[PDB]
Structures are given as C-alpha cells and as structure tokens.
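Everything below concerns the one structure shown next.
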Amino acid sequence: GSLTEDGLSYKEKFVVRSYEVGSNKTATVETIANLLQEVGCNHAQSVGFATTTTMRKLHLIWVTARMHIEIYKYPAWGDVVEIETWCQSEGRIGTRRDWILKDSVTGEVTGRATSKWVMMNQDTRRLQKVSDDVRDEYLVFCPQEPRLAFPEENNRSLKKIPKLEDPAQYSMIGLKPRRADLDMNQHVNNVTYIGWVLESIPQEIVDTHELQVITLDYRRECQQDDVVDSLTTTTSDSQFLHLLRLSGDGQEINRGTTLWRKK
Amino acid sequence: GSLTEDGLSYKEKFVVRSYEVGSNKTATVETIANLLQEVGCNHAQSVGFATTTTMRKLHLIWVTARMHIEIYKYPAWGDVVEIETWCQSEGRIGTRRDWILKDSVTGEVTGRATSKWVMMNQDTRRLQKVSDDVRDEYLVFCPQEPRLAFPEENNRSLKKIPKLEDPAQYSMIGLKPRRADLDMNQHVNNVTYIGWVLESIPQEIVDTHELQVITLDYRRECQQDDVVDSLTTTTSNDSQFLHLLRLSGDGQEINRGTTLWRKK
Ligand SMILES: CNc1ccc2ccccc2n1
Ligand SMILES: CNc1ccc2ccccc2n1
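Here the protein sequences come in this chain order: B and A.
Numbering (the entry's author numbering) for the first sequence: 75 to 123, 129 to 315, 333 to 359.
Numbering (the entry's author numbering) for the second sequence: 75 to 123, 129 to 315, 332 to 359.
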C-alpha cells in the first residue's frame, strides 16, 4: 500500500483468501469491512498517527457513529481488489472516512463505503465538538475541496433509521463475543456488530439474495462480558430493519437497515 | 506464493494486519492457524486439486484428525512472515501436512506446525484406509524421503491426550458459531474450534503468559445449530492445561486438547 501522488489519499491491494469467502466463493461483507478498516489503519500510519494526534494528552479518541457500505460485485476467492481511502473534516461535528473498492483487473468500481466518526473522551465516554488546534492537525492530510464516495443529493448513507418495534419478525438471541472478536485494545471490533446484525437474517434470504447495502448506527459498545440479542423485521428487492440490544436490560447498542437483491 | 524449485513444497509471504493481532500487538494463534490453512489451500490449487478425480467420484474428502502448533515468536503487526508447507502420505492411515514459519527479515524459524488428515466419505461420515489408486495420485506431489517439521524422538505432536474428568476447573458455556465461523461449504471452520478451546483459559493467564504449544484432536464436528461447552483444567514457570469441547446438551465430545504456556 501507499499514499497517492498528492499525499491526500491511500491505496492498497488485497488478494481474497480461502477462509474470507462465503458459500458463493466470494468475499463476505465482514471480510470487506475488515479490509476497509485495515486500509484506514495503514493510511493513518503512513501520515504519522487509534488515529490520534495531541488528542492523546486530553485522552480523546475517534469512535464510529455510522458505517454505510454498498457492494455491486463481491470479489471472488483469489481475485485482487484495490481499495482507495481518504478522510475529510465535517466541521465541529466530526470526521468522515470514505472508501472506493475496485476490481484490479478491470479497474471497475465494485463497491463504495462511507463512515462518520465523532470525538470522545476514552474514559468518561463523553462526546465533544472538534475544537480548533485539533482540526488543523489533520486538515493537512485531507482534500480541501469536497470529495464524496456518495455524492448523490438525497442518498442512502444519510437516511434517518427508526427504532424497531417489538415484536420482531426474526431474532437470534444470546450472542457473545469471543477473544477473536476483540481488537488490540480488548474492545469488540466494529465488524463483529455487522456480523451480529446479519445473524437474524433467515438462511433462505442469504441463500437466494445478495446483500447490496448496509447502513449501521453505533449507539453504545458491547463489553466483553455482555450478551446481545439481534432483531430483524422485513420492511419491503428485500429490505430489513435491524436492532441489536443487550440481552438483559434491552439497552440499544446498534440500529440498522439492509437492502438485498435477488440473485 | 509459489511452489519451490523441486515442486515438492509451497511458500507464501503474509503481512500481519491490524485486526489480526491481540493485546500484545502480535498475531493471535487463530490468525496463525488461518494463514496455515490459506497456504495449504494455495499449495493444493497450484498442483491442480484438496480432492483428486478419484476422490470426487467416490464422494471422499480429507478431514483433520489432529492439529499441533508450536510458536517461539508471534509476528508483530506490520511484520512479514514466510510460511513453507508440504504433504506426506502415512501409508493407508492418511496424510500429514507440515508447516514451517519464518521471520522474513531475519530468516529465523519462529514457529512450526503439523496436522494429521484421514479420508472420510462426505455423506456417511465413515472413515476408510487410503487405497493404492488414491495414494499414487498425490505421491507425485510429496517428498519421497521423510521430511518432518517435528523430527524429535519424544516430541509433543504425537502424545496421547486423555479425556478431562468432571468437574472442570474452568469453563465457558453456550458457545455458538455465527456465519463468519463457517467456510465456503457452510461447515464450521477448523480454526473456530481452536478459539472455543482458548475461551475457557482465564484472562489472567492470557495477560501474563504466552501460548507456546497447542495440540488439538477433532472427534466430531459442531453443526451450525449446535451449542458448545468449553472445559479446561490446569495439569501443571510453565503452565499446562487439559481441554475438552463437548455439545451443551448431551455432552457428546467434539474435541480434546492440551496447551502449554510460558510466563512473559
Ligand atoms: C472498537 N470501538 C470502540 C468503541 C468505543 C470505544 C470507547 C472507548 C475506547 C475504545 C472504544 N472502541
Ligand atoms: C471443516 N471441517 C469439516 C469436518 C468434517 C466434515 C465432514 C463432511 C464435510 C465437511 C466437513 N468439514
């Protein structure tokens, strides 16, 4: 991988592995999400950066508020996929990281993703607006003119997601993270929540449809000793409304939507 | 990746990824196990397979009976590890796949692994001895003289593992696979069982020790709708454990194993 010529974005190639694919012999959406996260980590490393600056002194970190992914073609086992990523400031609201997925052989865009990140104190878990002096520290690594993976005026990445009402049509209860679900800081990896959401989709939908779009909001994290219930209701192509909540008190951890195309 | 000069082994390099590491910023044993499985798949693909034409006609497959891994140094996040793998027939008992892990920068052996595979009918799940027709078909891809990752006389890879007696010292109950735990054939990936075994090790041991050796026997598979209980008892500077995975309901054994950990 490497930064591009202007130093304002980063590209990296990946060969799809045997254990990274589903029953269609193409990369799962969780494998895609892991690759997006890996290229984001490599971009931050390449420019000297969690992706923290003088935020370390104040115990501040970037945390994901929303992840949105659209896949047109899932790469096959053994295929090479090229991913380009970049960041942009969204004023004092937070930051945005965008990605473009391409087939290396054809050069065709096979997917796109966007994510919204907010600044939070790692100890109190209190959010805060991005101040001047921290904004300037990473503005030199971002394009100044807007560059959006989802430009379309009125698009799926900015839709408001409603809260699923009980009773849910489908559910998968008692979900728990194991050590492989944790990152280097012992926190549950953001991609595990995508897996948990998908667990309540019936197997017949997975066997006859392909996931085209997933939008996921992150409200609160699941701790290593917490247990999660995954809830889904059809709202329709097939569309679903999703809700992840703690098994005990019913505390919301995530809400989302998925759109699936018939194969 | 590529086959070596004599075409009797396969090598491949991997850069350790950010999500592949634990709290020490080094590759987990499950990341290592996934890389061993990936290099085995690429070796089979490079020589045209890992079932032969005769095996597909008879609905026969290779299944893992035992996995044994020893790690001296876990590669760090961003490091390049080189893995060499090869196979050998073990007469009519089955096949053996071996691996050697090396640090690409130093060329030093940082790990080694060995696995035993048996031939089984895909549908009835009945094991069978390897016939001559099948044996000759893959012998042209294996070294003829013995080549062992674990040559030592009384080495840990061939030890008999006893069955853990109730009550277990430690346990993790209600373990279930999710879709990410399944392979392309919708079967639970062999590496998930390694994770499940390790789930019953206390966090204090993981935080103060490093896993040096793991030996795991595979008796039966966990189906997508099955639930597993993971059981561990200390058997021991070094710490050793006896492990047992069994179905949550009837207590049917799925795996048994041992781990050896050294103090950091
Ligand atoms: C992996 N995702 C998260 C989400 C929230 C966090 C809060 C404090 C520290 C780490 C965190 N990591
Ligand atoms: C991934 N491991 C296994 C173990 C046993 C199997 C039996 C039939 C078909 C596939 C199998 N896969």
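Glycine included, every Cβ here is placed at the ideal spot set by N, Cα and C.
Enclosing beta strand (DSSP E) for residue i [first to last residue]
{"i": "residue 161 of chain A", "result": "159-168"}
{"i": "residue 356 of chain B", "result": "348-358"}
{"i": "residue 264 of chain B", "result": "No beta strand (DSSP E) contains residue 264 of chain B, which DSSP labels as neither H nor E."}
{"i": "residue 190 of chain A", "result": "188-200"}
{"i": "residue 336 of chain A", "result": "333-342"}
{"i": "residue 249 of chain A", "result": "249-254"}
{"i": "residue 147 of chain B", "result": "139-150"}
{"i": "residue 177 of chain B", "result": "174-182"}
{"i": "residue 245 of chain A", "result": "Residue 245 of chain A -> no beta strand (DSSP E), and no H or E assigned at all."}
{"i": "residue 309 of chain A", "result": "307-313"}
Distance between beta carbons of residue j and residue i, contact taken as under 8 Å
{"i": "residue 154 of chain A", "j": "residue 189 of chain A", "result": "7 Å"}
{"i": "residue 284 of chain A", "j": "residue 334 of chain A", "result": "6 Å"}
{"i": "residue 178 of chain B", "j": "residue 228 of chain B", "result": "6 Å"}
{"i": "residue 279 of chain A", "j": "residue 250 of chain A", "result": "5 Å"}
Start-to-end residues for the alpha helix (DSSP H) that takes in residue i
{"i": "residue 117 of chain A", "result": "103-120"}
{"i": "residue 80 of chain A", "result": "Counting along the chain, residue 80 of chain A falls outside any alpha helix (DSSP H), and DSSP gives it neither H nor E."}
{"i": "residue 303 of chain A", "result": "Note, residue 303 of chain A: premise wrong, no alpha helix (DSSP H); not H, not E."}
{"i": "residue 284 of chain B", "result": "282-287"}
{"i": "residue 133 of chain B", "result": "No alpha helix (DSSP H) holds residue 133 of chain B; DSSP gives it neither H nor E."}
{"i": "residue 215 of chain A", "result": "211-218"}
{"i": "residue 270 of chain B", "result": "269-278"}
Best match in the options for proximity to residue i [C-alpha to C-alpha]
{"i": "residue 198 of chain A", "options": "A:332, A:179, A:175, A:192", "result": "A:175"}
{"i": "residue 276 of chain A", "options": "A:132, A:341, A:91", "result": "A:341"}
{"i": "residue 77 of chain B", "options": "B:220, B:195, B:142, B:202", "result": "B:220"}
{"i": "residue 110 of chain A", "options": "A:308, A:173, A:136, A:85", "result": "A:85"}
{"i": "residue 225 of chain A", "options": "A:169, A:337, A:260, A:80", "result": "A:169"}
{"i": "residue 119 of chain B", "options": "B:223, B:217, B:314, B:183", "result": "B:217"}
{"i": "residue 106 of chain B", "options": "B:338, B:251, B:88", "result": "B:88"}
{"i": "residue 255 of chain A", "options": "B:98, B:306, B:353", "result": "B:306"}
{"i": "residue 141 of chain B", "options": "B:246, B:260, B:208", "result": "B:208"}
{"i": "residue 358 of chain A", "options": "A:332, A:202, A:346", "result": "A:332"}
{"i": "residue 138 of chain B", "options": "B:205, B:99, B:345, B:81", "result": "B:205"}
{"i": "residue 166 of chain A", "options": "A:203, A:182, A:121", "result": "A:121"}
{"i": "residue 261 of chain B", "options": "B:108, B:79, B:152", "result": "B:108"}
{"i": "residue 240 of chain B", "options": "B:184, B:80, B:297, B:103", "result": "B:297"}
{"i": "residue 183 of chain B", "options": "B:202, B:200, B:163", "result": "B:163"}
{"i": "residue 112 of chain A", "options": "A:282, A:268, A:232, A:304", "result": "A:268"}
Within chain B, partners of residue i - CB distance below 7 Å
{"i": "residue 277 of chain A", "result": "258"}
{"i": "residue 104 of chain A", "result": "259"}
{"i": "residue 350 of chain A", "result": "The premise fails here: residue 350 of chain A is roughly 15 Å from chain B at the closest Cβ pair, so nothing lies under 7 Å."}
Within chain A, the residues that residue i reaches when beta carbons sit closer than 7 Å
{"i": "residue 115 of chain B", "result": "92"}
{"i": "residue 83 of chain B", "result": "Ordered by position in chain A, no residue passes the 7 Å Cβ test against residue 83 of chain B, which lies about 19 Å from the chain."}
Backbone CA spacing between residue i and residue j [nearest angstrom]
{"i": "residue 83 of chain B", "j": "residue 131 of chain B", "result": "18 Å"}
{"i": "residue 348 of chain A", "j": "residue 299 of chain A", "result": "7 Å"}
{"i": "residue 172 of chain B", "j": "residue 161 of chain B", "result": "30 Å"}
{"i": "residue 351 of chain B", "j": "residue 302 of chain A", "result": "29 Å"}
{"i": "residue 331 of chain A", "j": "residue 159 of chain A", "result": "Since the model of chain A passes from 315 to 332 in one step, residue 331 of chain A is not part of what is shown."}
{"i": "residue 336 of chain A", "j": "residue 314 of chain A", "result": "5 Å"}
{"i": "residue 292 of chain B", "j": "residue 90 of chain B", "result": "20 Å"}
{"i": "residue 146 of chain B", "j": "residue 144 of chain A", "result": "41 Å"}
{"i": "residue 129 of chain A", "j": "residue 97 of chain B", "result": "17 Å"}
{"i": "residue 244 of chain B", "j": "residue 312 of chain B", "result": "9 Å"}
{"i": "residue 295 of chain B", "j": "residue 247 of chain A", "result": "40 Å"}
{"i": "residue 271 of chain B", "j": "residue 116 of chain B", "result": "20 Å"}
{"i": "residue 288 of chain B", "j": "residue 257 of chain A", "result": "18 Å"}
{"i": "residue 114 of chain B", "j": "residue 212 of chain A", "result": "51 Å"}
{"i": "residue 193 of chain B", "j": "residue 134 of chain A", "result": "46 Å"}
{"i": "residue 123 of chain A", "j": "residue 157 of chain B", "result": "15 Å"}
{"i": "residue 355 of chain B", "j": "residue 290 of chain B", "result": "6 Å"}
{"i": "residue 191 of chain A", "j": "residue 93 of chain A", "result": "23 Å"}
{"i": "residue 308 of chain A", "j": "residue 252 of chain A", "result": "4 Å"}
{"i": "residue 237 of chain A", "j": "residue 195 of chain A", "result": "10 Å"}
{"i": "residue 95 of chain A", "j": "residue 263 of chain B", "result": "6 Å"}
{"i": "residue 338 of chain B", "j": "residue 353 of chain B", "result": "6 Å"}
{"i": "residue 38 of chain A", "j": "residue 343 of chain B", "result": "Since the first residue of chain A shown is 75 and the last is 359, residue 38 of chain A is not available in this structure."}
{"i": "residue 234 of chain A", "j": "residue 222 of chain A", "result": "22 Å"}
{"i": "residue 75 of chain B", "j": "residue 181 of chain B", "result": "14 Å"}
{"i": "residue 103 of chain A", "j": "residue 259 of chain B", "result": "10 Å"}
{"i": "residue 81 of chain B", "j": "residue 200 of chain B", "result": "29 Å"}
Cross-chain neighbours of residue i in chain A, by beta carbon under 9 Å
{"i": "residue 263 of chain B", "result": "92, 93, 95, 96, 97, 98, 99, 156"}
{"i": "residue 200 of chain B", "result": "Neighbours of residue 200 of chain B on chain A: none; closest Cβ ~22 Å, over 9 Å."}
Listed by chain order, chain A residues near residue i by CB distance under 8 Å
{"i": "residue 111 of chain B", "result": "92, 93"}
Partner residues on chain B for residue i, Cβ-Cβ distance less than 8 Å
{"i": "residue 274 of chain A", "result": "257, 258, 259"}
{"i": "residue 344 of chain A", "result": "None at all; the shortest Cβ gap to chain B is about 15 Å."}
{"i": "residue 122 of chain A", "result": "By Cβ distance, chain B contributes nothing, its closest Cβ being about 15 Å from residue 122 of chain A, past 8 Å."}
{"i": "residue 253 of chain A", "result": "253, 255"}
Chain-ordered chain B contacts of residue i [CB-CB under 9 Å]
{"i": "residue 173 of chain A", "result": "Under the 9 Å cutoff, chain B gives no residues; its nearest Cβ is about 21 Å from residue 173 of chain A."}
{"i": "residue 268 of chain A", "result": "93"}
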